[PDB]
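S.K.: 3D model of this:
(chains A, B, C, D, E, F and G)
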Amino acid sequence: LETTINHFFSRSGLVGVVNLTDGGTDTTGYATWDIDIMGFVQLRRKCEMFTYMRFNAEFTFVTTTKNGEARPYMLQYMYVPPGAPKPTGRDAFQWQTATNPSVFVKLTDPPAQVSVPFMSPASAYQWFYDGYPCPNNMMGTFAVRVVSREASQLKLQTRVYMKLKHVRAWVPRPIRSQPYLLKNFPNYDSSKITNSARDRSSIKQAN
Amino acid sequence: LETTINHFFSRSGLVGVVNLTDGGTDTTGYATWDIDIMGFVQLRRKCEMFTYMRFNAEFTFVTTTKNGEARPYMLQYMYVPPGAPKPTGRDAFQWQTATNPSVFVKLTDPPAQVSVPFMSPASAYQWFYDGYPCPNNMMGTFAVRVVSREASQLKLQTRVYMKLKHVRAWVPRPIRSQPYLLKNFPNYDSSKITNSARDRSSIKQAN
Amino acid sequence: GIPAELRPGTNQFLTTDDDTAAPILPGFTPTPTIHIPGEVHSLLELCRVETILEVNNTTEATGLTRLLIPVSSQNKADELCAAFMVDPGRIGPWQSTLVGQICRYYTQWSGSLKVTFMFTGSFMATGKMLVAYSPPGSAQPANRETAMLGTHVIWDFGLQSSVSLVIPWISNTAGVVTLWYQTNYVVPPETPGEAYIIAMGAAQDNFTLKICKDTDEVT
Amino acid sequence: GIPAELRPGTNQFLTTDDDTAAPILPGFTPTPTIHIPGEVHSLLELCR
Amino acid sequence: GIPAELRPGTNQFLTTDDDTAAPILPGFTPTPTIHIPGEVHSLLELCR
Amino acid sequence: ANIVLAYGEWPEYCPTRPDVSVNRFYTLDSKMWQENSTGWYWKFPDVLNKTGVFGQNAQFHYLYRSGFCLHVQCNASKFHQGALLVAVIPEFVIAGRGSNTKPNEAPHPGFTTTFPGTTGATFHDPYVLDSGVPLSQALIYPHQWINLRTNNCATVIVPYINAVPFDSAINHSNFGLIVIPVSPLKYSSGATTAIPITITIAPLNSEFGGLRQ
Amino acid sequence: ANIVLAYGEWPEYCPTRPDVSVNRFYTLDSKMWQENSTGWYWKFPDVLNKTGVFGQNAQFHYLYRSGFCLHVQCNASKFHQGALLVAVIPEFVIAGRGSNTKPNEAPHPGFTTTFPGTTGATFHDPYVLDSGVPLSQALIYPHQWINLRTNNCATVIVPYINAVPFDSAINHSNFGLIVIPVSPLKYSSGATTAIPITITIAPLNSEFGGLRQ
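M.R.: Residues are numbered from 1 along each chain as shown, chains lettered A, B, ... in the order given. Now the structure:
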């Protein structure tokens, strides 16, 4: 039962890590993180085993401070859907928009948890698109800010844990053995090609 | 009703105690504790009364500070299944793995509580294995770390309380009367053998 | 206004918990699905496909020629040609196949396997070979008579050109498949007396996998 | 006295959540509706 | 959105409480049992 | 002959239907396979964008949907020896060969390498399929072995594999063909030093839409 | 005679079945029981790994499953007196005798002590069964008393007791036999100073698997 796709993918791993400063002259405050599931090599190798995929996602935000102690401070997470403009500053108008859903949660509360459905104009996500427009499948954004009035003087460090749900896959393909070089390109190295089987002494042994 | 095995074992006793420093040059932070149920003599004497056993476990982590006051700090408990590698440092990659399940909980929250099922490749656990490969039955690991960014300067002291559940036993054997010398070996002392009945004056009395 | 009490386990975030989350877009219906051919349901459907083993993984070999066992006419009547292990989750020839990559994500496996050979050579060249399975326990056999007393299939080149040997029951020594020169490699005039044999291998219907775990091919 | 456990998502304010709120005036009935001509139901009636 | 009130006994860890815990491995089925001779059910079978 | 039906699905309909002049055996030129050859690949829906009625009705339209019936002959004498692996690959993305991690300094394949045309293109590293993926498990795709001592022909009926039921036939190559000489060619002196490989394709169940004059 | 059926289960099947030459009464050599004797124990599935067809078919195989029918005779004259306790012990692990708590300095039993073979081995401290466990409650196992004024024979039909239905018969002794002279041997002068003890075993329902030539 633990060999199906729904158990091969559905497990709350760690996708991303977002920093935040909220300082003085560099009064950024916000921290946008374009969300793609190809961050860490493990999930990319498990997701490039297939050609087409379709899934919902559960997102869990676990926010700590620099040292680690957490004081009660309001935080706004904001999901910018595909096509909507990203926020530019801490207090721009793209923060008070009603289309962009927000989650208001304190630091002392349990970690935040939302769910994002299938949001592609095609029938399924495709990672290998042979042609000309990388494809145009996207999931959105997750800009986060400290809700306050007087500038907060702390630097947080959020973690974004993703779990896939209701996963369906199509057109299996072999597993990438060569190392990675870029994010959105399967570029390998021409020289120094690593063999898929470690060498042994001779062909008439069992090493 | 309180003489069955399910009431003879199912009671949340104390199995282990784990320390933690999270300091400077000895920046360990993590604290791994290989989990075996033969820690304290009482449970070992109650579990070596039988030859084969089969049970689920409930694990409760009660974490305090050195003095005892508890401030809100995020903590990660991580269950390393049998066969998976243990974490080596505080921020190694074995902490961001998706296979190893984790529990994120603060100090001010109620104590953590998880459940581990029967995880042996055989049909039941055996404590007495007459032969050559101690056997190869194992339960896993429970590495714990302070989730932070800037090093926490506190030293905690976790307690691991285990409760057995759905216990089944087979092939009863007599109760060990001699003292213990090792953990994984029933080595007794050749000299100074303690008698299983205290001495009295004569054989024709009732002392 | 019902009374309630909070038990241990409150306000924790369990990773492998099956709990619903609040949807971000309510009422938003996604794009309806179409019938895309080639749907997978379990990984046991991927372990049941034949795949070229890399049996010639020694050094002084280029990229592709690591997938071939060389057979020649210079070798004597009775001699050893090639031997390899069975364990798919082990550093060796089974690291290049597909079942050897899938059985790395899981920490326990069981069931039977199937290793099928295929002779790439001339049409006018014949000869016999002895493929021989030796179960776990003793080491690799030394002579052809010791091998033919174990499990053995006599595969010739005249009629059959692709033999298949089923290996029973293997789990987390693990068995040894040897491949011996039975008689010779005869060849008529004006014909190259050097051919190759491709080895392939897959799982069976009995192959079952347990305990998920992240792999270690990546860094 | 039923036992309960709090999961992640507690004490958050989701914007697009479909959750009921406590009414301010209970029992207060509003003015009954009349048949005003020209009711719209979807924006696809405005694009046509 | 049901109203609820918390009574005494909240956020305590009772040792002898019969309460379920969240499983670590969901869907993981263990090894099926076989008929091992010599099963015990109560300690009164050992006192006799 | 034995037909390997790709993914167990017949190419079916769902737009004009020519049904007369496009369901004919388009025969590509033969490739000369030699000792030191590496392999060949063909991006399909732009192989036939320059050949006759199918090219005319695929360039002047905007939407496209069809399957294919492939046929790969490789006729050699009874004294040659070797083996080919013919396999279709859905969404066969050619990778770039380099060791650069910067965006506009890393190499990328040109237009002639990604879309070879009606003359095909050869591999550079056939051990990694020019995509960083080892070919040893490339048998996960629909495939056949052309073994020069058993048969000399292969055939693949491949349906329409795409996420959108209609797509441009010019800016998106649906799937590719890859022939690879796993076992090299061997022959005694005095024989023909090169073996021809012939490919004929039939566009089963073609559908075209939105034609711009 | 009275038969004590171990754990109320008959040895049953579940692999080859010899059924002819291995279901015979293998008779071990007699042990000379004297005044100052201590006891004897036998690890069973490696007692018969050197004796004939059962040893051949248990060494050349890899999987093993069988029960046993034991028979322990102890024939003494009507003027001798004493008592024996014969008992089978599943997973009889011999402990080491010492007072060291360090891992590689604490004593451990050798290969000849853990696996005695077809000649058995004697105890050192029969009061603790050489396992730190008192023998007074060793009657929790299947057992009989050989009392030299009532009977001279004992028999134990013991089934297969293991957590895995197949296991190696060379690196894992399933269960052991232990004969212990609880009441010592006494006799007047002029009688036979030593009493023989004879053990015959029958491997009921043997099953072997995975034979490596």
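S.K.: if I've got this straight, residue F:2 is in a helix?
M.R.: No. Residue F:2: not assigned to a helix; according to DSSP: H, G, I helix; E, B strand; the rest coil it is coil.
S.K.: How many residues are close by it?
M.R.: As a burial measure, residue F:2 scores 8 neighbours (other CB atoms under 10 Å in any protein chain shown). C-beta coordinates here come from the backbone N, C-alpha and C atoms, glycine included.
S.K.: check contacts around it.
M.R.: residue F:155 (CB atoms under 8 Å, 6 or more residues apart in numbering or on different chains).
S.K.: repeat that with 6 Å
M.R.: By CB atoms under 6 Å, 6 or more residues apart in numbering or on different chains, residue F:2 lies in contact with nothing.
S.K.: measure it to chain B for me?
M.R.: According to CB to the nearest CB, to the nearest Å, residue F:2 and chain B sit 42 Å apart.
S.K.: For that residue, what are phi and psi?
M.R.: phi -110, psi 130 (degrees, to the nearest 10).
S.K.: May I see the buried residues of the longest helix seen in chain A?
M.R.: Using DSSP state H, we find that the single longest helix of chain A is helix A:41-47. For helix A:41-47, burial by neighbour count (16 or more other CB atoms under 10 Å in any protein chain shown) applies to A:42-47.
S.K.: Return the closest of those with respect to residue G:181.
M.R.: Proximity of the buried residues of helix A:41-47 to residue G:181 (CB to CB) peaks at residue A:42, which lies at 65.2 Å.
S.K.: What residues does the closest one make contact with?
M.R.: Contact partners of residue A:42, counting by CB under 6 Å, 6+ apart, are residue C:214.
S.K.: With only the CA atoms kept, save the longest helix of chain A in PDB.
M.R.: What follows is helix A:41-47, C-alpha atoms only, in PDB (Å, rounded to 0.1, in the frame of the first residue of the first chain):
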ATOM      1  CA  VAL A  41      17.300  17.900  -5.400                       C
ATOM      2  CA  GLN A  42      15.300  15.100  -3.700                       C
ATOM      3  CA  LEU A  43      11.900  16.300  -4.700                       C
ATOM      4  CA  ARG A  44      13.100  17.300  -8.200                       C
ATOM      5  CA  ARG A  45      14.500  13.800  -8.800                       C
ATOM      6  CA  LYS A  46      11.200  12.300  -7.500                       C
ATOM      7  CA  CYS A  47       9.100  14.700  -9.700                       C
END
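S.K.: C-terminal to it, what's the next element?
M.R.: strand A:50-65 (DSSP states H and E).
S.K.: For residue C:212, list the residues it contacts.
M.R.: Contacts of residue C:212 (CB under 6 Å, 6+ apart): residue B:99.
S.K.: re earlier: save the buried residues of helix A:41-47 as CSV, and put in distance to residue F:198 too.
M.R.: Formatted as CSV, the buried residues of helix A:41-47 follow (distance: CB to CB, whole Å):
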residue, distance to residue F:198
A:42, 44
A:43, 44
A:44, 40
A:45, 38
A:46, 40
A:47, 39
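S.K.: In those residues, find the pair that's most separated.
M.R.: Maximum distance among these (CB to CB): 9.5 Å, for A:42 and A:47.
S.K.: Where does chain F get nearest to chain C, residue-wise?
M.R.: Nearest residue of chain F to chain C: residue F:127, at 3.4 Å (CB to the nearest CB).
S.K.: The closest residue to that residue other than its chain neighbours: neighbour count?
M.R.: Once flanking residues are discounted, residue F:127 sits nearest to residue C:63: 3.4 Å by CB to CB, 6 or more residues apart in numbering or on different chains. Per other CB under 10 Å, the neighbour tally for residue C:63 reads 14.
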